[PDB]
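Chemist: Structure incoming, see below.
Here the Cβ positions follow ideal geometry from the backbone for every residue, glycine too, while neighbour counts run over all protein chains shown. We did not get these values from a lab; they are worked out from the coordinates using the rules stated.
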Amino acid sequence: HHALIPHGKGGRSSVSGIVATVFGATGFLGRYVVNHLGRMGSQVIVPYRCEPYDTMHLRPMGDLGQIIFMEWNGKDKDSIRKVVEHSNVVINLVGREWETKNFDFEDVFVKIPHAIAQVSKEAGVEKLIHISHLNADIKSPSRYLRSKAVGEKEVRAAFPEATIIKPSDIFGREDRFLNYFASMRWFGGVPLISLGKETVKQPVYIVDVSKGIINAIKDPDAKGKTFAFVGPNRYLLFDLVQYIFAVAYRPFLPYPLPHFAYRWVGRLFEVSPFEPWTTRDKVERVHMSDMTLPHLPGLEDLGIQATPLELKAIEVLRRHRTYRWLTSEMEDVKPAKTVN
Amino acid sequence: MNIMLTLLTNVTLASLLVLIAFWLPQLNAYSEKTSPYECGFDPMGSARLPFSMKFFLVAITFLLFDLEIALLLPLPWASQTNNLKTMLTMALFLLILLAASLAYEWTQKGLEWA
Ligand SMILES: NC(=O)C1=CN([C@@H]2O[C@H](COP(=O)(O)OP(=O)(O)OC[C@H]3O[C@@H](n4cnc5c(N)ncnc54)[C@H](OP(=O)(O)O)[C@@H]3O)[C@@H](O)[C@H]2O)C=CC1
């Protein structure tokens, strides 16, 4: 019913007919999804549960009236209704890496996804873009990936023609993966289970993931497809972290920490009522090797060629360098060994 | 030991203020914010480049003037001696030499900069 003819040149003042409701747009991926939508001239609706101040950075991303802010409650389907009522596309990015007092991994990766998918059918939304995790297993060691698998099935049940995207480990300027490893310098050494020799990770750039979501909306065949967004190179955990500490010009001191001890350390950092520095599920997810799913389309099928980590790692970790190694180029550090 | 206690209390209070300053507020840091301030534009050169002193001679002479001030400090106790003639002559001698050094530096254009 809400069908809009695109007009203009695809710029800031153009019309694209991509009126969207980006849930959890106040987050690492959200910013880029909104910015890509905003620059094309799309009516972006941004639900938010935080303070309007935290949503301020999204304001310049769109033209006048192209970015509408309206509050929503994850436990109130009525609030979901009024934010998806006039949207032809709904994107779900709501997800926390740590269980909160009032929200648990089940509540954020199963209940809310299902509510968003269910309500979107009621309002007649055409396309839905759900964002799971590459390593989503119904018997995964981590509850985060456990709920990420249950919610994936429920979305397909509530919204049969919904595009499901499973990013590996998105990395970017405001990322909790590259910054996570680079911030371990404050704790002395770098604790790695089996010295990070038994874990393979395939991180994905934040821009590529965001452009994949936008291309999925533009692509008329993405309805019902399940995508897996991965990077072009697979790295050992030890090799990746060493490269992270290489472009950051920090002394790399890796010591093997046993799994039970590392889990005990993760439990200690969960005490913080604020955002935990690390979590037991965070430890398990980091140590868990990334799955390989060659039966699913990736960024390549959507026309976006994945950017190697080597090209876009200097941006993230430049702020982590000292004054001595601020102006050093991105070519002095040699690329890490890739298990390909 | 009381002075040590006072110093310890002051230092601890200052460091506690630093700790509260750096751990109470909500921190959100990114590369642009922590960049050096150059009135809105990017700096041309490093701030650790040489910065020429146009008053170097003034500082090198301030060294010797501080020396003379150190020599003059014992004067309040020096007035308690019985040899007031010799003490007064020597004190005035030191002050006259200080004035003469200042005058020599002034006339030979040492107090001027550049
Ligand atoms: N590397 C990665 O980060 C990867 C992430 N994913 C998943 O894809 C999505 C990417 O989001 P990401 O950039 O990580 O987001 P962030 O973790 O940076 O921020 C989470 C976002 O979700 C919202 N949110 C979380 N919990 C709730 C809740 N209970 N109620 C309402 N809003 C909530 C937040 O709103 P607010 O800030 O107001 O709380 C915020 O907008 C997430 O679902 C994530 O789990 C998958 C693969 C990789």
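Chemist: In whole angstrom, and with the biggest value first, how far do the Cα coordinates of segment A:277-340 range along each principal axis?
Modeler: On the principal axes, segment A:277-340 reaches 46, 36, 21 Å in Cα extent.
Chemist: With a 10 Å Cβ neighbour count serving as the proxy for reagent exposure, in which order, fewest first, do A:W72, B:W113 appear?
Modeler: Arranged by neighbour count, lowest to highest, A:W72, B:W113 become B:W113, A:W72.
Chemist: Using the Karplus curve 6.51 cos²θ - 1.76 cosθ + 1.60 with θ = phi - 60°, what ³J(HN,Hα) values do you get for each residue of segment A:147-155, in whole Hz, with x for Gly and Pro?
Modeler: Once rounded to whole Hz, the list reads 5, 5, 8, 4, x, 4, 5, 5, 4.
Chemist: Along segment B:68-84, what does the Karplus equation 6.51 cos²θ - 1.76 cosθ + 1.60 (θ = phi - 60°) give for ³J(HN,Hα), rounded to whole Hz, x for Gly and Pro?
Modeler: Whole-Hz 3J(HN,Hα) from phi for segment B:68-84: 5, 5, 5, 5, 7, 4, x, 4, x, 6, 5, 6, 8, 8, 7, 8, 5.
Chemist: Also, I was wondering about something else. If the cut-off is 19 Å between C-alpha atoms, which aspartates and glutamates fall inside it for A:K334, apart from same-chain ones fewer than 8 positions away?
Modeler: A:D239, A:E310, A:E315
Chemist: Can you tell me which of A:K139, A:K82, A:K201 moves the most in a GNM of chain A? Springs connect C-alpha atoms under 10 Å apart.
Modeler: Of A:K139, A:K82, A:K201, the Gaussian network model singles out A:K139 as fluctuating most.
Chemist: Rounded to the nearest 20 debye, what is the charge dipole size of chain A about its Cα centre when +1 sits on each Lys and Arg Cβ and -1 on each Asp and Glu Cβ?
Modeler: 420 debye
Chemist: A further question on this structure: Shape verdict for segment B:1-108, please, from the Cα gyration tensor: rounded (a/c under 1.5), prolate (a/b greater than b/c) or oblate.
Modeler: Taking the square roots of the gyration eigenvalues as a ≥ b ≥ c, segment B:1-108 is oblate.
Chemist: Please list 3J(HN,Hα) in residue order for segment A:202-207, calculated via the Karplus relation 6.51 cos²θ - 1.76 cosθ + 1.60 where θ = phi - 60°; whole Hz, with x for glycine and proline.
Modeler: 3J(HN,Hα) across segment A:202-207, in whole Hz: 10, x, 10, 6, 5, 5.
Chemist: Sticking with this structure for a sec: If you build a Gaussian network model of chain B, linking Cα atoms that sit under 10 Å apart, which residue out of B:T12, B:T89, B:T81 swings the most?
Modeler: Judging by the Gaussian network model, the answer is B:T12.
Chemist: Which residue, A:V19, A:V265, A:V241, tops the fluctuation ranking in a GNM of chain A built on C-alpha contacts under 10 Å?
Modeler: Fluctuation is largest for A:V265.
Chemist: Which listed residue (A:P52, A:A228, B:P43) has the Cα farthest towards the positive end of the charge dipole for the protein assembly as shown, taking +1 on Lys and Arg C-beta and -1 on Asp and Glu C-beta about the Cα centre?
Modeler: A:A228
Chemist: I've got another one for you. Structure shown: which of A:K218/A:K282; A:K121/A:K225; A:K75/A:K211; A:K111/A:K201 lie over 27 Å apart, alpha-carbon to alpha-carbon?
Modeler: Flagged as over cut-off: A:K218/A:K282; A:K75/A:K211; A:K111/A:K201.
Chemist: If amide hydrogens are placed 1.01 Å from N in the peptide plane, which non-local residues have theirs closer than 5 Å to the one on A:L299?
Modeler: A:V230
Chemist: May I pose another question? Projecting each Cα onto the charge dipole of the protein assembly as shown (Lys/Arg +1, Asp/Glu -1 at the beta carbon, about the Cα centre), which of A:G30, A:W186, A:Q118 comes out farthest on the positive side?
Modeler: Sorting the options by dipole projection puts first A:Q118.
Chemist: Report, in deg cm²/dmol and to the nearest 500, the calculated mean residue ellipticity at 222 nm for the protein assembly as shown, where each DSSP H run with n ≥ 4 adds -39500 (n - 2.57) and the sum is divided by the residue count.
Modeler: On the way: 14 runs with 173 residues, N = 454.
Theoretical 222 nm ellipticity from helices: -12000 deg cm²/dmol.
Chemist: Given H placed 1.01 Å from N in the peptide plane, which residues other than close sequence neighbours of A:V19 have an amide H under 5 Å from its amide H?
Modeler: A:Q43, A:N88
Chemist: Enumerate the whole-percent occupancy of each 10 Å bin, from 0 to the last occupied one, for all C-alpha pair distances of chain A.
Modeler: Per 10 Å bin, starting at zero, the Cα-Cα P(r) for chain A comes out as 5, 25, 34, 24, 10, 1 percent.
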